[PDB]
$ cat entry_38.tsv   # TSV, C-alpha atoms and all ligand atoms
chain	number	residue	atom	x	y	z
W	3	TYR	CA	115.87	126.21	93.81
W	4	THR	CA	113.83	125.69	97.03
W	5	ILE	CA	111.22	122.95	97.98
W	6	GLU	CA	108.50	125.73	97.94
W	7	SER	CA	109.38	126.69	94.25
W	8	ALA	CA	110.00	123.02	93.10
W	9	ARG	CA	106.30	122.32	94.02
W	10	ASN	CA	105.38	124.29	90.75
W	11	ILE	CA	107.68	122.31	88.47
W	12	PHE	CA	105.22	121.61	85.57
W	13	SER	CA	102.34	123.90	86.55
W	14	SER	CA	99.80	122.78	83.80
W	15	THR	CA	99.42	119.21	85.30
W	16	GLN	CA	95.80	118.96	86.60
W	17	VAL	CA	94.85	116.88	89.65
W	18	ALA	CA	91.67	115.15	91.04
W	19	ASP	CA	90.43	118.25	93.08
W	20	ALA	CA	87.14	116.31	93.63
W	21	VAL	CA	88.97	113.98	96.12
W	22	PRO	CA	89.61	116.58	98.92
W	23	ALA	CA	86.25	118.36	98.01
W	24	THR	CA	84.34	115.05	98.61
W	25	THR	CA	86.31	114.34	101.92
W	26	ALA	CA	85.34	117.89	103.09
W	27	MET	CA	81.68	116.96	102.30
W	28	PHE	CA	81.97	113.67	104.35
W	29	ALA	CA	83.57	115.71	107.21
W	30	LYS	CA	80.31	117.86	107.42
W	31	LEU	CA	78.19	114.75	108.21
W	32	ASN	CA	77.40	113.72	111.86
W	33	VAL	CA	78.83	110.32	113.00
W	34	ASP	CA	75.54	108.36	112.38
W	35	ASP	CA	75.58	109.64	108.72
W	36	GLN	CA	79.40	109.13	108.30
W	37	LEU	CA	78.80	105.38	109.17
W	38	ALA	CA	75.73	105.12	106.86
W	39	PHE	CA	77.83	106.70	104.06
W	40	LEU	CA	80.74	104.22	104.70
W	41	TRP	CA	78.39	101.16	104.64
W	42	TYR	CA	76.49	102.20	101.47
W	43	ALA	CA	79.55	103.62	99.62
W	44	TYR	CA	81.33	100.27	100.22
W	45	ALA	CA	78.22	98.16	99.20
W	46	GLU	CA	77.85	100.38	96.04
W	47	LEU	CA	81.57	100.07	95.15
W	48	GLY	CA	81.17	96.26	95.70
W	49	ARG	CA	78.85	96.21	92.63
W	50	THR	CA	82.01	96.50	90.42
W	51	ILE	CA	85.07	95.85	92.66
W	52	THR	CA	85.84	94.10	95.95
W	53	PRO	CA	89.17	94.69	97.73
W	54	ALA	CA	91.51	91.61	97.67
W	55	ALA	CA	92.31	89.72	100.93
W	56	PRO	CA	95.41	91.33	102.52
W	57	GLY	CA	96.87	88.05	103.94
W	58	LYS	CA	96.61	85.86	107.09
W	59	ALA	CA	100.11	86.96	108.21
W	60	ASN	CA	99.36	90.74	107.82
W	61	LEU	CA	96.01	90.41	109.72
W	62	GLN	CA	97.68	88.23	112.46
W	63	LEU	CA	99.56	91.48	113.50
W	64	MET	CA	96.15	92.51	115.09
W	65	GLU	CA	95.01	89.02	116.25
W	66	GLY	CA	94.67	90.26	119.87
W	67	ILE	CA	92.32	93.13	118.88
W	68	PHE	CA	90.29	90.85	116.49
W	69	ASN	CA	89.77	88.31	119.37
W	70	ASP	CA	88.56	91.15	121.70
W	71	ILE	CA	86.08	92.41	119.03
W	72	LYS	CA	84.74	88.80	118.56
W	73	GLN	CA	84.39	88.14	122.41
W	74	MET	CA	82.17	91.30	122.59
W	75	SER	CA	78.34	91.84	122.60
W	76	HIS	CA	76.67	93.04	119.33
W	77	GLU	CA	76.01	96.27	121.35
W	78	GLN	CA	79.76	96.57	122.28
W	79	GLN	CA	80.78	96.06	118.57
W	80	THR	CA	78.24	98.74	117.48
W	81	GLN	CA	79.74	101.14	120.13
W	82	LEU	CA	83.35	100.47	118.82
W	83	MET	CA	82.38	101.44	115.20
W	84	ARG	CA	80.81	104.71	116.54
W	85	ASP	CA	83.91	105.33	118.79
W	86	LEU	CA	86.36	104.85	115.82
W	87	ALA	CA	84.14	107.04	113.54
W	88	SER	CA	83.72	109.80	116.24
W	89	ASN	CA	87.49	109.89	117.10
W	90	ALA	CA	86.76	108.75	120.72
W	91	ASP	CA	89.60	107.93	123.22
W	92	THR	CA	88.99	104.20	124.04
W	93	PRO	CA	91.65	101.41	124.18
W	94	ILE	CA	91.07	100.07	120.57
W	95	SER	CA	90.72	103.63	119.10
W	96	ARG	CA	94.19	104.42	120.60
W	97	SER	CA	95.53	101.14	119.00
W	98	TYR	CA	93.80	101.93	115.63
W	99	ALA	CA	95.69	105.28	115.48
W	100	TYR	CA	99.03	103.31	115.42
W	101	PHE	CA	97.92	101.13	112.45
W	102	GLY	CA	99.46	102.25	109.13
W	103	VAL	CA	97.13	102.92	106.13
W	104	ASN	CA	96.94	99.26	104.94
W	105	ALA	CA	96.44	97.88	108.53
W	106	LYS	CA	93.51	100.37	109.03
W	107	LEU	CA	92.07	99.20	105.65
W	108	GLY	CA	92.81	95.57	106.67
W	109	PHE	CA	91.12	96.02	110.08
W	110	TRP	CA	87.88	97.12	108.29
W	111	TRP	CA	88.29	94.39	105.57
W	112	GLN	CA	88.50	91.56	108.17
W	113	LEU	CA	85.41	92.95	110.03
W	114	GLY	CA	83.51	93.07	106.67
W	115	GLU	CA	84.08	89.27	106.24
W	116	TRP	CA	82.85	88.49	109.79
W	117	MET	CA	79.81	90.72	109.19
W	118	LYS	CA	78.94	88.33	106.27
W	119	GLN	CA	79.20	85.38	108.75
W	120	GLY	CA	77.17	86.99	111.62
W	121	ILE	CA	80.40	86.69	113.82
W	122	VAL	CA	80.38	90.57	113.96
W	123	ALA	CA	77.33	92.92	114.22
W	124	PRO	CA	76.95	94.89	110.97
W	125	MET	CA	77.48	98.69	110.58
W	126	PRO	CA	75.05	100.21	113.18
W	127	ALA	CA	74.35	103.00	110.64
W	128	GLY	CA	71.77	105.75	111.08
W	129	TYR	CA	69.60	105.80	107.90
W	130	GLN	CA	71.43	105.85	104.49
W	131	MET	CA	68.29	107.29	102.78
W	132	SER	CA	69.06	110.52	104.78
W	133	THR	CA	69.21	113.48	102.27
W	134	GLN	CA	72.67	114.63	103.54
W	135	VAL	CA	74.28	111.14	103.07
W	136	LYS	CA	72.43	110.52	99.70
W	137	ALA	CA	74.02	113.79	98.45
W	138	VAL	CA	77.63	112.77	99.42
W	139	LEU	CA	76.92	109.32	97.83
W	140	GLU	CA	75.90	111.18	94.58
W	141	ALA	CA	79.17	113.22	94.63
W	142	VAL	CA	81.28	109.99	95.04
W	143	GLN	CA	79.42	108.12	92.18
W	144	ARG	CA	79.91	111.16	89.83
W	145	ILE	CA	83.81	110.72	89.96
W	146	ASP	CA	85.98	107.86	88.57
W	147	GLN	CA	86.85	104.67	90.59
W	148	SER	CA	90.47	105.79	91.46
W	149	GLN	CA	88.93	108.93	93.08
W	150	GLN	CA	86.17	106.91	94.81
W	151	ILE	CA	88.66	104.44	96.49
W	152	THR	CA	90.89	107.47	97.40
W	153	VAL	CA	87.89	109.17	99.17
W	154	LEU	CA	87.09	105.85	100.89
W	155	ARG	CA	90.81	105.47	102.01
W	156	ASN	CA	90.83	109.08	103.43
W	157	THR	CA	87.67	108.58	105.62
W	158	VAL	CA	89.30	105.33	107.01
W	159	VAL	CA	92.79	106.90	107.55
W	160	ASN	CA	90.98	109.64	109.67
W	161	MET	CA	89.10	107.34	112.15
W	162	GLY	CA	90.10	106.59	115.80
W	163	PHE	CA	92.24	108.63	118.25
W	164	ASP	CA	94.27	111.72	117.06
W	165	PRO	CA	97.64	111.63	118.93
W	166	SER	CA	99.65	114.23	116.82
W	173	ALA	CA	107.16	105.18	115.74
W	174	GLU	CA	105.34	101.83	116.45
W	175	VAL	CA	103.21	101.83	113.19
W	176	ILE	CA	101.81	98.37	112.02
W	177	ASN	CA	102.95	97.89	108.35
W	178	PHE	CA	101.31	95.33	105.99
W	179	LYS	CA	103.80	93.51	103.71
W	180	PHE	CA	102.79	92.00	100.31
W	181	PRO	CA	104.45	89.33	97.50
W	182	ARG	CA	106.24	91.08	94.62
W	183	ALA	CA	103.83	91.14	91.61
W	184	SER	CA	105.74	90.01	88.48
W	185	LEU	CA	108.94	89.54	86.39
W	186	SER	CA	111.92	91.92	85.98
W	187	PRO	CA	110.54	94.43	83.37
W	188	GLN	CA	107.41	95.62	85.26
W	189	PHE	CA	107.50	98.90	83.19
W	190	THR	CA	109.14	100.78	80.27
W	191	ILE	CA	109.19	104.63	79.95
W	192	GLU	CA	109.01	106.13	76.40
W	193	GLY	CA	111.14	109.35	76.36
W	194	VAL	CA	113.05	109.01	79.70
W	195	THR	CA	116.35	107.05	80.26
W	196	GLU	CA	117.47	109.20	83.31
W	197	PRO	CA	118.88	106.48	85.66
W	198	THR	CA	117.67	108.09	88.94
W	199	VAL	CA	114.03	108.12	87.70
W	200	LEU	CA	114.21	104.47	86.50
W	201	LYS	CA	115.98	103.37	89.74
W	202	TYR	CA	113.26	105.00	91.92
W	203	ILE	CA	110.40	103.10	90.15
W	204	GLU	CA	112.47	99.82	90.21
W	205	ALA	CA	113.14	100.23	93.99
W	206	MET	CA	109.43	100.91	94.72
W	207	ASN	CA	108.34	97.85	92.64
W	208	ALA	CA	111.06	95.76	94.39
W	209	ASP	CA	109.60	96.85	97.80
W	210	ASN	CA	113.10	98.16	98.65
W	211	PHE	CA	112.29	101.65	100.11
W	212	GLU	CA	115.93	102.21	101.30
W	213	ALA	CA	117.11	101.96	97.61
W	214	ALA	CA	114.27	104.36	96.65
W	215	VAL	CA	115.13	106.95	99.38
W	216	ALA	CA	118.95	106.44	98.86
W	217	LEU	CA	118.45	108.40	95.54
W	218	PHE	CA	117.23	111.52	97.49
W	219	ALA	CA	119.46	114.47	98.52
W	220	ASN	CA	120.09	114.78	102.35
W	221	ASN	CA	117.46	117.64	102.40
W	222	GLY	CA	115.32	116.23	99.49
W	223	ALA	CA	111.48	115.85	99.68
W	224	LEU	CA	108.56	113.60	98.56
W	225	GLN	CA	105.07	115.19	98.23
W	226	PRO	CA	102.30	112.56	98.14
W	227	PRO	CA	98.94	113.42	96.50
W	228	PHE	CA	96.99	116.26	98.24
W	229	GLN	CA	99.60	116.23	101.10
W	230	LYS	CA	102.49	118.47	102.36
W	231	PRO	CA	106.09	117.65	101.33
W	232	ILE	CA	107.96	115.13	103.61
W	233	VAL	CA	111.64	116.21	104.15
W	234	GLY	CA	114.79	114.07	104.49
W	235	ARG	CA	115.47	110.36	104.05
W	236	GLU	CA	114.26	109.32	107.55
W	237	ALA	CA	110.67	110.71	107.26
W	238	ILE	CA	110.38	109.71	103.54
W	239	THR	CA	111.59	106.10	104.32
W	240	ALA	CA	109.07	105.78	107.24
W	241	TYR	CA	106.19	107.08	105.00
W	242	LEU	CA	107.09	104.60	102.20
W	243	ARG	CA	107.44	101.61	104.63
W	244	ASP	CA	103.67	102.27	105.18
W	245	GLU	CA	101.97	103.39	101.92
W	246	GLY	CA	104.51	102.03	99.29
W	247	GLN	CA	103.97	98.34	100.19
W	248	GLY	CA	102.48	96.20	97.40
W	249	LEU	CA	102.10	99.16	94.98
W	250	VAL	CA	103.07	98.34	91.39
W	251	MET	CA	104.22	101.47	89.53
W	252	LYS	CA	103.59	101.50	85.73
W	253	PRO	CA	104.89	104.80	84.29
W	254	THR	CA	104.82	104.58	80.41
W	255	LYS	CA	105.89	108.07	79.13
W	256	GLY	CA	107.67	111.26	80.18
W	257	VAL	CA	109.93	114.24	79.28
W	258	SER	CA	113.40	115.22	80.65
W	259	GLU	CA	114.59	118.90	80.60
W	260	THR	CA	117.89	120.51	81.87
W	261	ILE	CA	117.11	123.90	83.63
W	262	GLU	CA	119.16	126.46	85.74
W	263	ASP	CA	122.50	125.56	87.47
W	264	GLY	CA	122.71	122.04	85.80
W	265	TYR	CA	119.48	120.87	87.58
W	266	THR	CA	117.10	118.64	85.52
W	267	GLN	CA	113.23	118.36	85.59
W	268	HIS	CA	111.32	115.12	84.73
W	269	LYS	CA	107.58	114.46	84.28
W	270	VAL	CA	106.51	110.79	83.97
W	271	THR	CA	102.87	109.56	83.63
W	272	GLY	CA	101.23	106.14	83.90
W	273	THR	CA	99.16	104.06	86.29
W	274	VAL	CA	99.73	102.79	89.85
W	275	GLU	CA	98.03	99.59	91.09
W	276	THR	CA	97.25	99.03	94.77
W	277	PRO	CA	97.59	95.47	96.18
W	278	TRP	CA	93.87	95.91	97.12
W	279	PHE	CA	92.46	96.34	93.56
W	280	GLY	CA	95.35	95.40	91.17
W	281	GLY	CA	94.61	96.46	87.55
W	282	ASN	CA	90.84	96.74	88.38
W	283	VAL	CA	91.66	100.35	89.52
W	284	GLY	CA	94.65	101.77	87.56
W	285	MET	CA	95.25	105.16	89.21
W	286	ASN	CA	96.41	107.76	86.62
W	287	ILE	CA	99.52	109.25	88.25
W	288	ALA	CA	102.14	111.83	87.28
W	289	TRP	CA	105.59	111.99	88.93
W	290	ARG	CA	107.31	115.40	88.84
W	291	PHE	CA	111.07	115.13	89.74
W	292	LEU	CA	113.62	117.94	90.37
W	293	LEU	CA	117.19	116.42	90.29
W	294	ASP	CA	120.24	118.45	91.47
W	295	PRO	CA	123.40	118.26	89.26
W	296	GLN	CA	124.66	115.05	91.07
W	297	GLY	CA	121.48	113.35	89.65
W	298	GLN	CA	119.98	113.06	93.18
W	299	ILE	CA	116.28	113.71	93.96
W	300	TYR	CA	115.86	117.15	95.54
W	301	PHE	CA	112.03	116.94	95.05
W	302	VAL	CA	109.38	114.55	93.67
W	303	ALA	CA	105.59	115.19	93.63
W	304	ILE	CA	103.03	112.43	92.93
W	305	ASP	CA	99.66	113.64	91.55
W	306	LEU	CA	96.35	111.74	91.13
W	307	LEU	CA	95.58	113.20	87.63
W	308	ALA	CA	92.19	114.90	86.89
W	309	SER	CA	91.41	112.74	83.79
W	310	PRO	CA	93.06	110.28	81.34
W	311	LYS	CA	93.84	113.28	79.02
W	312	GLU	CA	96.52	114.35	81.64
W	313	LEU	CA	98.58	111.15	80.82
W	314	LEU	CA	99.52	112.91	77.46
W	315	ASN	CA	100.24	116.46	78.84
W	316	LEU	CA	104.13	116.38	78.70
W	317	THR	CA	105.55	120.01	78.32
K	401	LIG	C1	84.85	101.17	106.31
K	401	LIG	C2	83.89	100.01	106.34
K	401	LIG	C3	84.07	98.81	105.79
K	401	LIG	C4	85.15	98.52	104.94
K	401	LIG	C5	85.89	99.42	104.29
K	401	LIG	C6	86.89	99.05	103.44
K	401	LIG	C7	87.33	97.65	103.43
K	401	LIG	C8	87.52	99.93	102.57
K	401	LIG	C9	88.54	99.68	101.70
K	401	LIG	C10	89.19	100.61	100.95
K	401	LIG	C11	90.40	100.49	100.28
K	401	LIG	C12	91.15	99.25	100.42
K	401	LIG	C13	90.92	101.49	99.49
K	401	LIG	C14	92.22	101.69	99.16
K	401	LIG	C15	92.81	102.71	98.47
K	401	LIG	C16	94.07	102.81	97.98
K	401	LIG	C17	94.71	103.93	97.50
K	401	LIG	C18	93.88	105.07	97.10
K	401	LIG	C19	96.08	104.02	97.37
K	401	LIG	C20	96.83	104.88	96.62
K	401	LIG	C21	98.19	104.97	96.68
K	401	LIG	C22	99.05	105.67	95.85
K	401	LIG	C23	98.45	106.44	94.77
K	401	LIG	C24	100.41	105.67	96.01
K	401	LIG	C25	101.23	106.59	95.47
K	401	LIG	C26	102.60	106.77	95.74
K	401	LIG	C27	103.45	106.75	94.68
K	401	LIG	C28	103.07	106.41	93.28
K	401	LIG	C29	104.84	107.10	94.88
K	401	LIG	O1	105.64	107.00	93.97
K	401	LIG	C30	105.29	107.60	96.21
K	401	LIG	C31	104.57	106.91	97.35
K	401	LIG	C32	103.05	107.00	97.17
K	401	LIG	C33	102.46	105.96	98.09
K	401	LIG	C34	102.59	108.35	97.65
K	401	LIG	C35	83.03	97.77	106.15
K	401	LIG	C36	83.27	96.49	105.38
K	401	LIG	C37	83.08	97.46	107.62
K	401	LIG	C38	81.62	98.28	105.85
K	401	LIG	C39	81.40	99.63	106.52
K	401	LIG	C40	82.66	100.23	107.06
K	401	LIG	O2	82.64	100.86	108.10

$ encode --input "entry_38.tsv" --output "structure tokens"
Amino acid sequence: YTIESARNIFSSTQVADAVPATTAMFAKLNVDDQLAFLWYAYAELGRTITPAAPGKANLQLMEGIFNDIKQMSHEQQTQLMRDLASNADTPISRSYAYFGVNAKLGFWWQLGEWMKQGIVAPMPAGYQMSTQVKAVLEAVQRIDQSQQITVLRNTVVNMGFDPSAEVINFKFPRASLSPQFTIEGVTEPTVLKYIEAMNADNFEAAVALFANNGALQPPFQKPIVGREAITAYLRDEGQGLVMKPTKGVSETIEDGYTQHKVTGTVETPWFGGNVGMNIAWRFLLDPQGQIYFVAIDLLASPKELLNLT
């Protein structure tokens, strides 16, 4: 077995292809229209769901930058939004590039609030009734909420400077009591211990279960190899996630390796159970019961939760 061949481990599982397709569409817009799409897509989403406050302590990690953006002309604030959206090399764009996913999301969230108060100039958006942006809007609204918030996350993860260590990491309260999940059809300790570690916010215990040369493939992303790179990834994107697998199958294969497919929902700290992402986990364990490979898939539809062999 090789990482390349373990990527195919249950090949019938079907994924939300519309996510990268819709990001590719957003990429074809000019900056004026990328901003107009962000403003409207967020306002439209805010008809059903509003992201939860990320915390005073988390947002205090960027207090310096927030003070700058407040002691700044409406014209300066406008220019910053354009600079972040256009991938410009300015001081705050360079800083933004060292925010982790949640800090980037939190940066935008805290500006949203001050927009409501007039303390920050709104989105300086080109027109949102532009045909090009109206078409990318239609594509977003045609897909489920888990896909919409994923598209919205991607466009925000891709703003500011592109520099090819010092990443700001939001931390969040553990959600609930000891049994946060129960998996029908899977008692494999390594699988259970992974989900327990993630829900406990203990990413060292989660990565401890990986082989020295093991890998983690996030949704729509390349595999991440070895405990150091996996642990750094998870210290960013794993924070505040609650993982609610409910069913799966275990299979022994060649050389005393085992395969496991587990399905359920994942809840972001931002939306809680308002957006239950339908997720599969595909694990290849070597004979020592260690994780050689695990893929995480945003599933195509709720029907995929029941596709198990
Ligand atoms: C932009 C903007 C604004 C605001 C914009 C705002 C506030 C936008 C807010 C958007 C937010 C908060 C979206 C968040 C998305 C979260 C996702 C998709 C996470 C999924 C994680 C998963 C599946 C994790 C899975 C995983 C599992 C299960 C593992 O087991 C392994 C790890 C892994 C992590 C991979 C304004 C307010 C200013 C208006 C205009 C404007 O410009």

$ closest_residue --input "entry_38.tsv" --among "W:179, W:290, W:269, W:235" --to "residue 63 of chain W" --atoms "only C-alpha atoms"
W:179

$ axis_aligned_box --input "entry_38.tsv" --around "segment 193-208 of chain W" --padding-each-side "3 Å" --output "JSON"
{"center_x": 113.6, "center_y": 102.6, "center_z": 85.5, "size_x": 16.5, "size_y": 19.6, "size_z": 24.4}

$ closest_residue --input "entry_38.tsv" --among "W:314, W:122, W:219, W:293" --to "residue 192 of chain W" --atoms "all atoms listed in the file"
W:314

$ residues_near_ligand --input "entry_38.tsv" --ligand "ligand LIG 401 (chain K)" --cutoff "7 Å" --atoms "all atoms listed in the file" --output "compact mmCIF listing (two decimals) with C-alpha atoms, in the frame of the given file"
# COMPACT_ATOMS: atom_id res chain seq x y z
CA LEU W 37 78.80 105.38 109.17
CA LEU W 40 80.74 104.22 104.70
CA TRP W 41 78.39 101.16 104.64
CA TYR W 44 81.33 100.27 100.22
CA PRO W 53 89.17 94.69 97.73
CA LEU W 107 92.07 99.20 105.65
CA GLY W 108 92.81 95.57 106.67
CA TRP W 110 87.88 97.12 108.29
CA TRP W 111 88.29 94.39 105.57
CA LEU W 113 85.41 92.95 110.03
CA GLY W 114 83.51 93.07 106.67
CA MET W 125 77.48 98.69 110.58
CA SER W 148 90.47 105.79 91.46
CA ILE W 151 88.66 104.44 96.49
CA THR W 152 90.89 107.47 97.40
CA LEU W 154 87.09 105.85 100.89
CA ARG W 155 90.81 105.47 102.01
CA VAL W 158 89.30 105.33 107.01
CA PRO W 226 102.30 112.56 98.14
CA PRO W 227 98.94 113.42 96.50
CA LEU W 242 107.09 104.60 102.20
CA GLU W 245 101.97 103.39 101.92
CA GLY W 246 104.51 102.03 99.29
CA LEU W 249 102.10 99.16 94.98
CA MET W 251 104.22 101.47 89.53
CA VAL W 274 99.73 102.79 89.85
CA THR W 276 97.25 99.03 94.77
CA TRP W 278 93.87 95.91 97.12
CA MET W 285 95.25 105.16 89.21
CA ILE W 287 99.52 109.25 88.25
CA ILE W 304 103.03 112.43 92.93
CA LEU W 306 96.35 111.74 91.13

$ residues_around --input "entry_38.tsv" --residues "residue 316 of chain W" --least-positions-apart "4" --cutoff "12 Å" --atoms "all atoms listed in the file" --output "compact mmCIF listing (two decimals) with C-alpha atoms, in the coordinates of the input"
# COMPACT_ATOMS: atom_id res chain seq x y z
CA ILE W 11 107.68 122.31 88.47
CA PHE W 12 105.22 121.61 85.57
CA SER W 13 102.34 123.90 86.55
CA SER W 14 99.80 122.78 83.80
CA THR W 15 99.42 119.21 85.30
CA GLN W 16 95.80 118.96 86.60
CA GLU W 192 109.01 106.13 76.40
CA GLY W 193 111.14 109.35 76.36
CA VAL W 194 113.05 109.01 79.70
CA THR W 254 104.82 104.58 80.41
CA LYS W 255 105.89 108.07 79.13
CA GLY W 256 107.67 111.26 80.18
CA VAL W 257 109.93 114.24 79.28
CA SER W 258 113.40 115.22 80.65
CA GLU W 259 114.59 118.90 80.60
CA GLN W 267 113.23 118.36 85.59
CA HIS W 268 111.32 115.12 84.73
CA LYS W 269 107.58 114.46 84.28
CA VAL W 270 106.51 110.79 83.97
CA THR W 271 102.87 109.56 83.63
CA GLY W 272 101.23 106.14 83.90
CA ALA W 288 102.14 111.83 87.28
CA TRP W 289 105.59 111.99 88.93
CA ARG W 290 107.31 115.40 88.84
CA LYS W 311 93.84 113.28 79.02
CA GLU W 312 96.52 114.35 81.64

$ closest_residue --input "entry_38.tsv" --among "W:35, W:294, W:204, W:212" --to "residue 128 of chain W" --atoms "all atoms listed in the file"
W:35

$ closest_residue --input "entry_38.tsv" --among "W:162, W:77, W:127, W:178" --to "residue 62 of chain W" --atoms "all atoms listed in the file"
W:178

$ closest_residue --input "entry_38.tsv" --among "W:197, W:143, W:284, W:299" --to "residue 49 of chain W" --atoms "all atoms listed in the file"
W:143

$ residues_around --input "entry_38.tsv" --residues "residue 309 of chain W" --least-positions-apart "3" --cutoff "8 Å" --atoms "all atoms listed in the file" --output "MDAnalysis selection string"
chainID W and resid 17:18 286 312:313

$ decode --input "entry_38.tsv" --residues "segment 221-232 of chain W" --atoms "N, CA and C atoms" --output "PDB file, in the first residue's frame"
ATOM      1  N   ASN W 221       4.937   8.049   8.808  1.00  0.00           N
ATOM      2  CA  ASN W 221       4.816   8.486   7.388  1.00  0.00           C
ATOM      3  C   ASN W 221       3.339   8.508   6.942  1.00  0.00           C
ATOM      4  N   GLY W 222       2.403   8.449   7.898  1.00  0.00           N
ATOM      5  CA  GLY W 222       0.946   8.513   7.662  1.00  0.00           C
ATOM      6  C   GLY W 222       0.491   9.846   7.079  1.00  0.00           C
ATOM      7  N   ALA W 223      -0.727   9.908   6.525  1.00  0.00           N
ATOM      8  CA  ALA W 223      -1.283  11.150   5.931  1.00  0.00           C
ATOM      9  C   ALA W 223      -2.800  11.328   6.165  1.00  0.00           C
ATOM     10  N   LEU W 224      -3.176  12.602   6.159  1.00  0.00           N
ATOM     11  CA  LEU W 224      -4.517  13.190   6.367  1.00  0.00           C
ATOM     12  C   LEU W 224      -4.832  13.990   5.100  1.00  0.00           C
ATOM     13  N   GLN W 225      -5.870  13.627   4.367  1.00  0.00           N
ATOM     14  CA  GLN W 225      -6.340  14.397   3.196  1.00  0.00           C
ATOM     15  C   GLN W 225      -7.623  15.108   3.585  1.00  0.00           C
ATOM     16  N   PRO W 226      -7.591  16.436   3.780  1.00  0.00           N
ATOM     17  CA  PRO W 226      -8.823  17.199   3.953  1.00  0.00           C
ATOM     18  C   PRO W 226      -9.664  17.226   2.681  1.00  0.00           C
ATOM     19  N   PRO W 227     -10.921  17.718   2.748  1.00  0.00           N
ATOM     20  CA  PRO W 227     -11.782  17.789   1.569  1.00  0.00           C
ATOM     21  C   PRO W 227     -11.163  18.648   0.454  1.00  0.00           C
ATOM     22  N   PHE W 228     -11.133  18.103  -0.766  1.00  0.00           N
ATOM     23  CA  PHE W 228     -10.763  18.841  -2.005  1.00  0.00           C
ATOM     24  C   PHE W 228      -9.308  19.309  -1.926  1.00  0.00           C
ATOM     25  N   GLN W 229      -8.490  18.702  -1.067  1.00  0.00           N
ATOM     26  CA  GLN W 229      -7.092  19.144  -0.814  1.00  0.00           C
ATOM     27  C   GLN W 229      -6.168  17.944  -1.027  1.00  0.00           C
ATOM     28  N   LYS W 230      -4.870  18.216  -1.197  1.00  0.00           N
ATOM     29  CA  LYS W 230      -3.777  17.209  -1.278  1.00  0.00           C
ATOM     30  C   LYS W 230      -3.577  16.582   0.099  1.00  0.00           C
ATOM     31  N   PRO W 231      -3.160  15.300   0.169  1.00  0.00           N
ATOM     32  CA  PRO W 231      -2.678  14.709   1.419  1.00  0.00           C
ATOM     33  C   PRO W 231      -1.547  15.502   2.093  1.00  0.00           C
ATOM     34  N   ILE W 232      -1.600  15.540   3.428  1.00  0.00           N
ATOM     35  CA  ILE W 232      -0.618  16.181   4.352  1.00  0.00           C
ATOM     36  C   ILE W 232       0.120  15.087   5.114  1.00  0.00           C
TER      37      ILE W 232
END
